[PDB]
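Asks: File follows, run32.txt with compact mmCIF, N, CA and C atoms:
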```txt
# COMPACT_ATOMS: atom_id res chain seq x y z
N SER A 1 88.01 10.90 -41.30
CA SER A 1 88.05 12.06 -40.40
C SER A 1 86.63 12.25 -39.86
N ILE A 2 86.36 11.63 -38.72
CA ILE A 2 85.04 11.71 -38.08
C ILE A 2 85.26 12.15 -36.63
N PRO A 3 85.42 13.44 -36.35
CA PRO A 3 85.62 13.88 -34.97
C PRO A 3 84.29 14.13 -34.28
N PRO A 4 84.14 13.68 -33.03
CA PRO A 4 82.94 14.05 -32.27
C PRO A 4 83.00 15.51 -31.85
N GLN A 5 82.19 16.35 -32.51
CA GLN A 5 82.27 17.79 -32.33
C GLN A 5 80.91 18.36 -32.73
N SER A 6 80.71 19.64 -32.41
CA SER A 6 79.48 20.33 -32.81
C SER A 6 79.38 20.42 -34.33
N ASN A 7 80.50 20.73 -35.00
CA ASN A 7 80.64 20.81 -36.45
C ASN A 7 79.65 21.78 -37.08
N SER A 8 78.54 21.23 -37.59
CA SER A 8 77.43 21.98 -38.20
C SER A 8 77.91 22.83 -39.38
N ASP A 9 78.36 22.14 -40.42
CA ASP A 9 78.85 22.80 -41.62
C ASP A 9 77.71 23.49 -42.37
N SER A 10 78.08 24.47 -43.20
CA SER A 10 77.18 25.36 -43.95
C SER A 10 76.30 26.09 -42.94
N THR A 11 75.00 25.78 -42.85
CA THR A 11 74.04 26.37 -41.89
C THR A 11 73.99 27.89 -42.03
N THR A 12 73.49 28.32 -43.19
CA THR A 12 73.43 29.73 -43.53
C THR A 12 72.40 30.46 -42.66
N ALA A 13 72.50 31.80 -42.69
CA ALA A 13 71.67 32.78 -41.98
C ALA A 13 71.77 32.69 -40.46
N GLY A 14 71.29 33.72 -39.78
CA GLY A 14 71.37 33.79 -38.34
C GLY A 14 71.34 35.23 -37.88
N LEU A 15 71.56 35.40 -36.57
CA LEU A 15 71.56 36.73 -35.98
C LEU A 15 72.48 36.78 -34.76
N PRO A 16 73.79 36.97 -34.95
CA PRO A 16 74.72 37.06 -33.81
C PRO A 16 74.86 38.47 -33.24
N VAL A 17 73.85 38.88 -32.47
CA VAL A 17 73.82 40.20 -31.86
C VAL A 17 73.54 40.05 -30.37
N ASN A 18 74.27 40.80 -29.55
CA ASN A 18 74.09 40.80 -28.11
C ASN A 18 73.61 42.17 -27.66
N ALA A 19 72.77 42.18 -26.62
CA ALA A 19 72.21 43.42 -26.10
C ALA A 19 72.51 43.53 -24.61
N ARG A 20 72.63 44.76 -24.13
CA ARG A 20 73.06 45.00 -22.77
C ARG A 20 71.83 45.09 -21.87
N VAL A 21 71.78 44.24 -20.85
CA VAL A 21 70.59 44.06 -20.02
C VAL A 21 70.99 44.27 -18.57
N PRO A 22 70.32 45.17 -17.83
CA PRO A 22 70.65 45.35 -16.41
C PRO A 22 70.17 44.19 -15.54
N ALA A 23 71.10 43.38 -15.06
CA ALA A 23 70.79 42.27 -14.17
C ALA A 23 71.99 42.04 -13.26
N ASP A 24 71.72 41.56 -12.05
CA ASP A 24 72.76 41.40 -11.04
C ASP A 24 73.33 39.99 -11.08
N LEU A 25 74.65 39.90 -11.06
CA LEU A 25 75.38 38.64 -11.15
C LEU A 25 76.26 38.49 -9.91
N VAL A 26 76.27 37.28 -9.34
CA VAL A 26 77.05 36.99 -8.15
C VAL A 26 77.98 35.82 -8.44
N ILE A 27 79.00 35.67 -7.60
CA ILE A 27 79.92 34.54 -7.65
C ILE A 27 79.67 33.65 -6.45
N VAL A 28 79.33 32.40 -6.71
CA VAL A 28 79.26 31.36 -5.68
C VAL A 28 80.22 30.24 -6.07
N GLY A 29 81.06 29.83 -5.11
CA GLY A 29 82.08 28.83 -5.36
C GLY A 29 83.08 29.24 -6.42
N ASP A 30 82.98 28.62 -7.59
CA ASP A 30 83.77 28.98 -8.76
C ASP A 30 82.87 29.48 -9.89
N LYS A 31 81.59 29.10 -9.88
CA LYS A 31 80.67 29.37 -10.97
C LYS A 31 80.07 30.76 -10.83
N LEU A 32 79.72 31.36 -11.96
CA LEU A 32 79.08 32.67 -12.01
C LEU A 32 77.61 32.47 -12.36
N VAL A 33 76.73 32.73 -11.40
CA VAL A 33 75.31 32.44 -11.54
C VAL A 33 74.52 33.74 -11.59
N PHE A 34 73.36 33.69 -12.24
CA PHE A 34 72.41 34.79 -12.16
C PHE A 34 71.66 34.73 -10.84
N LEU A 35 71.34 35.89 -10.29
CA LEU A 35 70.56 35.98 -9.06
C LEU A 35 69.31 36.79 -9.37
N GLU A 36 68.23 36.10 -9.69
CA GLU A 36 66.96 36.71 -10.07
C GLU A 36 65.90 36.36 -9.03
N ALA A 37 65.19 37.38 -8.55
CA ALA A 37 64.09 37.21 -7.61
C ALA A 37 62.85 37.89 -8.15
N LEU A 38 62.49 37.54 -9.38
CA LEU A 38 61.48 38.23 -10.18
C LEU A 38 60.09 38.11 -9.55
N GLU A 39 59.67 39.20 -8.90
CA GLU A 39 58.39 39.30 -8.22
C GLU A 39 57.74 40.63 -8.59
N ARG A 40 58.56 41.62 -8.93
CA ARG A 40 58.06 42.90 -9.40
C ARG A 40 57.78 42.91 -10.90
N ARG A 41 58.64 42.26 -11.69
CA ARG A 41 58.44 42.23 -13.13
C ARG A 41 57.27 41.33 -13.51
N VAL A 42 57.22 40.13 -12.94
CA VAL A 42 56.15 39.16 -13.15
C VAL A 42 55.57 38.85 -11.78
N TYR A 43 54.27 38.51 -11.75
CA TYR A 43 53.44 38.20 -10.57
C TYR A 43 53.12 39.43 -9.73
N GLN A 44 53.23 40.64 -10.27
CA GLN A 44 52.88 41.85 -9.56
C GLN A 44 51.59 42.42 -10.14
N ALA A 45 50.63 42.72 -9.25
CA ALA A 45 49.31 43.26 -9.60
C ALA A 45 48.55 42.34 -10.56
N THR A 46 48.69 41.04 -10.36
CA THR A 46 47.90 40.05 -11.08
C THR A 46 47.45 38.98 -10.10
N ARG A 47 46.38 38.28 -10.46
CA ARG A 47 45.67 37.41 -9.53
C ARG A 47 46.23 35.99 -9.47
N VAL A 48 47.50 35.80 -9.81
CA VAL A 48 48.13 34.48 -9.80
C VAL A 48 49.07 34.40 -8.60
N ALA A 49 49.20 33.21 -8.03
CA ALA A 49 50.09 33.01 -6.90
C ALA A 49 51.53 32.79 -7.37
N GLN B 1 45.61 46.83 -15.06
CA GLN B 1 46.42 45.79 -14.44
C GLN B 1 46.94 44.83 -15.50
N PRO B 2 48.13 44.26 -15.30
CA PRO B 2 48.70 43.34 -16.29
C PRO B 2 48.04 41.97 -16.23
N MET B 3 48.45 41.10 -17.14
CA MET B 3 47.87 39.77 -17.30
C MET B 3 48.96 38.73 -17.46
N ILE B 4 48.62 37.48 -17.12
CA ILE B 4 49.52 36.35 -17.27
C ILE B 4 48.73 35.17 -17.82
N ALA B 5 49.33 34.43 -18.75
CA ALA B 5 48.69 33.29 -19.39
C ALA B 5 49.21 32.00 -18.76
N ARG B 6 48.29 31.08 -18.47
CA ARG B 6 48.65 29.79 -17.90
C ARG B 6 47.68 28.73 -18.42
N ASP B 7 48.09 27.48 -18.27
CA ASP B 7 47.34 26.33 -18.78
C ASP B 7 46.92 25.43 -17.61
N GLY B 8 46.38 24.27 -17.95
CA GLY B 8 45.92 23.32 -16.97
C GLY B 8 44.49 23.60 -16.56
N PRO B 9 44.10 23.15 -15.35
CA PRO B 9 42.75 23.41 -14.83
C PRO B 9 42.60 24.78 -14.16
N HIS B 10 43.10 25.82 -14.83
CA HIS B 10 42.99 27.19 -14.37
C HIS B 10 42.16 27.97 -15.38
N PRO B 11 41.21 28.80 -14.95
CA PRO B 11 40.41 29.58 -15.90
C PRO B 11 41.25 30.61 -16.63
N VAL B 12 40.90 30.86 -17.89
CA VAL B 12 41.61 31.86 -18.68
C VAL B 12 41.22 33.25 -18.19
N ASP B 13 42.22 34.05 -17.85
CA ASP B 13 41.99 35.39 -17.32
C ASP B 13 42.03 36.41 -18.45
N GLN B 14 41.30 37.50 -18.24
CA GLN B 14 41.22 38.64 -19.14
C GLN B 14 41.49 39.90 -18.34
N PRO B 15 42.12 40.91 -18.94
CA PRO B 15 42.60 42.05 -18.15
C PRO B 15 41.46 42.91 -17.61
N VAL B 16 41.72 43.53 -16.46
CA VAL B 16 40.72 44.27 -15.71
C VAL B 16 41.16 45.73 -15.62
N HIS B 17 40.26 46.64 -15.97
CA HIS B 17 40.50 48.07 -15.87
C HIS B 17 39.69 48.64 -14.71
N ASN B 18 40.31 49.54 -13.95
CA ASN B 18 39.70 50.12 -12.77
C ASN B 18 39.47 51.61 -12.99
N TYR B 19 38.38 52.12 -12.41
CA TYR B 19 38.07 53.54 -12.43
C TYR B 19 37.71 53.99 -11.03
N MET B 20 38.36 55.06 -10.57
CA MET B 20 38.16 55.57 -9.22
C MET B 20 37.97 57.08 -9.27
N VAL B 21 37.14 57.59 -8.36
CA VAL B 21 36.86 59.02 -8.26
C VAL B 21 37.03 59.44 -6.80
N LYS B 22 37.89 60.42 -6.56
CA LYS B 22 38.05 61.02 -5.24
C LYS B 22 37.49 62.44 -5.28
N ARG B 23 37.25 63.00 -4.09
CA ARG B 23 36.65 64.32 -3.97
C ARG B 23 37.45 65.17 -3.01
N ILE B 24 37.27 66.49 -3.13
CA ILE B 24 38.02 67.43 -2.31
C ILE B 24 37.33 67.62 -0.96
N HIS B 25 38.08 68.13 0.00
CA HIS B 25 37.58 68.41 1.34
C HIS B 25 38.03 69.80 1.75
N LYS B 26 37.08 70.67 2.08
CA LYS B 26 37.35 72.08 2.31
C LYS B 26 37.65 72.34 3.78
N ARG B 27 38.75 73.05 4.03
CA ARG B 27 39.14 73.49 5.36
C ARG B 27 39.33 75.00 5.32
N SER B 28 39.90 75.56 6.38
CA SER B 28 40.10 77.00 6.47
C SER B 28 41.35 77.29 7.27
N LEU B 29 41.65 78.58 7.42
CA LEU B 29 42.66 79.10 8.33
C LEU B 29 42.21 80.48 8.80
N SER B 30 42.27 80.73 10.10
CA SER B 30 41.80 81.98 10.67
C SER B 30 42.82 82.55 11.64
N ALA B 31 42.91 83.88 11.69
CA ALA B 31 43.80 84.58 12.60
C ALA B 31 43.20 85.94 12.91
N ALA B 32 43.33 86.36 14.17
CA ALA B 32 42.73 87.59 14.65
C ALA B 32 43.77 88.70 14.76
N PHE B 33 43.28 89.94 14.78
CA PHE B 33 44.14 91.11 14.79
C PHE B 33 43.31 92.27 15.30
N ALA B 34 43.71 92.85 16.43
CA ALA B 34 42.90 93.84 17.13
C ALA B 34 43.54 95.22 17.08
N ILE B 35 42.71 96.24 16.90
CA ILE B 35 43.13 97.64 16.95
C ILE B 35 42.36 98.31 18.07
N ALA B 36 43.08 98.98 18.97
CA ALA B 36 42.45 99.68 20.08
C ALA B 36 41.64 100.88 19.59
N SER B 37 40.64 101.27 20.38
CA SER B 37 39.75 102.35 19.99
C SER B 37 40.46 103.70 20.01
N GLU B 38 41.46 103.85 20.89
CA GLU B 38 42.26 105.07 20.91
C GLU B 38 43.06 105.22 19.62
N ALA B 39 43.59 104.11 19.10
CA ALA B 39 44.31 104.15 17.83
C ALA B 39 43.38 104.47 16.67
N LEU B 40 42.13 103.98 16.74
CA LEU B 40 41.15 104.31 15.71
C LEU B 40 40.77 105.78 15.76
N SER B 41 40.66 106.35 16.96
CA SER B 41 40.39 107.78 17.09
C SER B 41 41.57 108.60 16.61
N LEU B 42 42.79 108.10 16.81
CA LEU B 42 43.98 108.80 16.33
C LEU B 42 44.11 108.74 14.81
N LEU B 43 43.71 107.62 14.20
CA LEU B 43 43.86 107.46 12.76
C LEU B 43 42.65 107.96 11.97
N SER B 44 41.61 108.44 12.65
CA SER B 44 40.44 109.04 12.01
C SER B 44 40.29 110.50 12.43
N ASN B 45 41.41 111.23 12.46
CA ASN B 45 41.37 112.65 12.81
C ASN B 45 40.66 113.46 11.74
N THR B 46 40.90 113.12 10.46
CA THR B 46 40.36 113.81 9.28
C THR B 46 40.71 115.30 9.29
N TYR B 47 42.03 115.56 9.33
CA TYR B 47 42.62 116.90 9.20
C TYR B 47 42.14 117.86 10.29
N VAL B 48 42.15 117.38 11.53
CA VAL B 48 41.78 118.21 12.68
C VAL B 48 42.99 118.38 13.59
N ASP B 49 43.67 117.27 13.90
CA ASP B 49 44.83 117.28 14.77
C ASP B 49 46.08 117.65 13.97
```
Turn the structure described in the file into structure tokens.
Replies:
Amino acid sequence: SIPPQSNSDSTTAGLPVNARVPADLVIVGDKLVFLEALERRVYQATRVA
Amino acid sequence: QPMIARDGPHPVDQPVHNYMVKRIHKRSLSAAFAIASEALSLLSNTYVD
């Protein structure tokens, strides 16, 4: 019994927690993609291009 | 101001603090109001009329 699968038996400990984050999501074609234009969060009021 | 870390042939940046001082500017407001001399003579009877 050797199935090609993720398997990963035992593998104790972890952290399965999800948090709610405000971000805008759009539908293109069939896929659901993130639409991020991060210019205010990062690269704002700093001397990097 | 915030900071961003990057590698390669870029100098390492350190955060910059700014200090600014503004000052006040004094203006005014004026309005005129006239009393006729006959009205002043009427209002300065001093228990005669």
Asks: For a test of reading the model, state the distance in Å between atom CA of residue A:40 and atom CA of residue A:21, rounded to one decimal.
Replies: 16.5 Å
Asks: What separation in Å, quoted to one decimal, exists between atom CA of residue A:35 and atom CA of residue A:16?
Replies: 25.1 Å
Asks: Please identify every residue of chain A that has at least one atom no more than 6.5 Å from any atom of chain B, counting all atoms listed in the file, and report them as a list in words.
Replies: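 Output check: residues 44, 45 and 46 of chain A.
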Asks: Mind giving me the straight-line distance from atom N of residue B:11 to atom CA of residue A:43 in Å, one decimal?
Replies: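 Atom CA of residue A:43 lies at a distance of 16.0 Å from atom N of residue B:11.
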Asks: Pull the strand (DSSP E) assignments for chain A out of DSSP run on the backbone, and list those residues as a VMD selection string.
Replies: chain A and resid 25 to 28 31 to 34
